[PDB]
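1. sequence and experimental coordinates follow.
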Protein chains: 6
Amino acid sequence: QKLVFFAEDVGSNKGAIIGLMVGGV
Amino acid sequence: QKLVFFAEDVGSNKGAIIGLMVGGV
Amino acid sequence: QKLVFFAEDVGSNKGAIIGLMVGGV
Amino acid sequence: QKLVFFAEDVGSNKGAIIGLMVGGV
Amino acid sequence: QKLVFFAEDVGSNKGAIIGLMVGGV
Amino acid sequence: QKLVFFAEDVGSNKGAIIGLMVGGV
């Protein structure tokens, strides 16, 4: 008997998350 | 009998998280 | 019998987390 | 002249993030 | 002239982050 | 002229971060 439980990149961020961006005012 | 429990990159951040960015005012 | 329990990069930060950035005022 | 820059819960976690959960084997 | 830069819960964790949880084997 | 720069709970942890938890083997 062999069992494998595999989970990867769960709720993970590998990119850009930005609330807001303003070049100027 | 063989059992494997594997979990990787759970809730992990490998990118940029920024609340806000302003180039100037 | 063989059992393996492995967990990596759980809640870990390997990138930039910044509350705010202002280039100037 | 009044400026406001406001951000909340940017990339934040509220609630459960679970890679895997097994009741039993 | 009044400026405000405000940020909260940026990349913060509230609640549980669990890589793996097994009731028993 | 009044400027405010405000940040809270940046990359902070409240609650449990658990890599793995096993009831018993």
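-> All right, it came through fine. Numbers count the residues shown, from 1 in each chain, chains lettered A, B, ... in the order given.
2. and chain A, which residues reach chain B?
-> A:1-25 (CB under 8 Å from any CB of the partner chain). All C-beta spots, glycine's among them, are computed from the backbone N, C-alpha and C.
3. list only those of these flagged as buried.
-> Buried residues within those, counting neighbours by 16 or more other CB atoms under 10 Å in any protein chain shown: A:5, A:7, A:10, A:12-13, A:17, A:19.
4. filter these down to the ones in strands?
-> A:5, A:7, A:10, A:17 (DSSP state E).
5. thought the third one was touching residue B:12?
-> The one in question is residue A:10. No. Using CB atoms under 8 Å, residue A:10 is not in contact with residue B:12, being 9.2 Å away.
6. is residue A:18 bridged to anything, and to what?
-> residue B:18 (DSSP bridges).
7. for residue A:3, same thing?
-> With DSSP bridges as the rule, residue A:3 is bridged to residue B:3.
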